[PDB]
Structures are given as C-alpha cells and as structure tokens.
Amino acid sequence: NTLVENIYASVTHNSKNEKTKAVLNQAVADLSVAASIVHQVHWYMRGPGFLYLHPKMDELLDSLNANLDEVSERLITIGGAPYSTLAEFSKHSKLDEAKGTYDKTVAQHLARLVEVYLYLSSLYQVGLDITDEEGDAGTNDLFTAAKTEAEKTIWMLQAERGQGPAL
C-alpha cells in the first residue's frame, strides 16, 4: 500500500466536488504544518552553511505560504470551508512536529525537509487523481504546478545532501 493510496483512502473516508474539497482542505492543514516545520529549521539550525541555508528557509517559507493562499482561496471559491485555526491544522495534518532543539545537525534538517516535500508531492498526486475523477480542471492545474514545484525542491535539497532526487 503506497503513500498515495494511503492518503487517498484517508482523505475520502468521511455534492459533485466533495473529494476535491476534502483534498484541498487536507492541503490547508499540511501546508500550515509544513510552514511551521520550515520556520523551525530557520530558527534552530547551527553549523557550516547556515549563512546560505538560513535565508533559503525564508524562501521556502514564502513559497509554502503562497501555496496556502492559493489552496485556501480555491477551496472557498468552489464552495468549501478551509480549516482556519491552529488546532485544526495540527489535528488534521499528516505531518508530525517535534519540539525545537539546537542540537539537530544540518544533515538532519535537510533530511526532514526532503521528507516534508516528498509527502507534499504525494498529497498533490492524490489531488491530481481526485480532480481528474471529479472533472475540476482548475483545481487539477493548481495541484500540477504545486507538485512540479515540490519535485524541483526535492531535486535541489537532495543535491545539497549529495544525493539524486529519488522521486
């Protein structure tokens, strides 16, 4: 059972666009948690490379927040109701957070970031599958661009770790 299959089953468990609204709302929660995690790296990182990795985190954060704006506004537009409290984000996100600590290595931060973007790219694939199923071309394009951007991020972060993208 792949991650994509697990996400799909979970999103669609509980109108003609109910699954699309559900996957968008899952993305509201996951993007909010992902942003928090990236912010934690920005704050807690120590080690050689800090001076270029620290501002890189701010760029990733801005990009995640732009995804959140587009996802939430698309959800409102198609007749849904986005999660909009920190407790909802935390409860419904499939991403876990841990207490910040300065003793995490640069390598650990980079590994966690890759796990986050791998998760997001899988969520977006489920988004693609659902929007094709329900015939929402606009939301399909949103998930396409978000997946493409995530995959590029994985390539570059993996390269910094000395690895290939391994999608």
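Residues carry their position along the shown sequence, with the first being 1.
Participant: According to the PDB entry, how many deposited residues between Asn14 and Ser15 are absent from the model (none, 1 to 3, 4 to 9, 10 or more)?
Facilitator: The entry has 4 to 9 unmodelled residues between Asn14 and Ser15.
Participant: Can you tell me whether 126-134 has a higher mean C-alpha B factor than 41-49 in this record, or the other way round?
Facilitator: Looking at the recorded C-alpha B-factors, 126-134 comes out higher on average.
Participant: Can you let me know which of the two, 94-102 or 107-115, has the higher average C-alpha B-factor in the entry?
Facilitator: Taking the mean B-factor of the alpha carbons in each, 94-102 is higher.
Participant: Splitting the chain's C-alpha B-factors into thirds, which one does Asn25 fall into?
Facilitator: According to the entry, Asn25 has a C-alpha B-factor in the chain's lowest third.
Participant: Once the chain's modelled residues are ordered by C-alpha B factor and cut into thirds, is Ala9 in the lowest, middle or highest one?
Facilitator: Highest third of the chain for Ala9's C-alpha B-factor.
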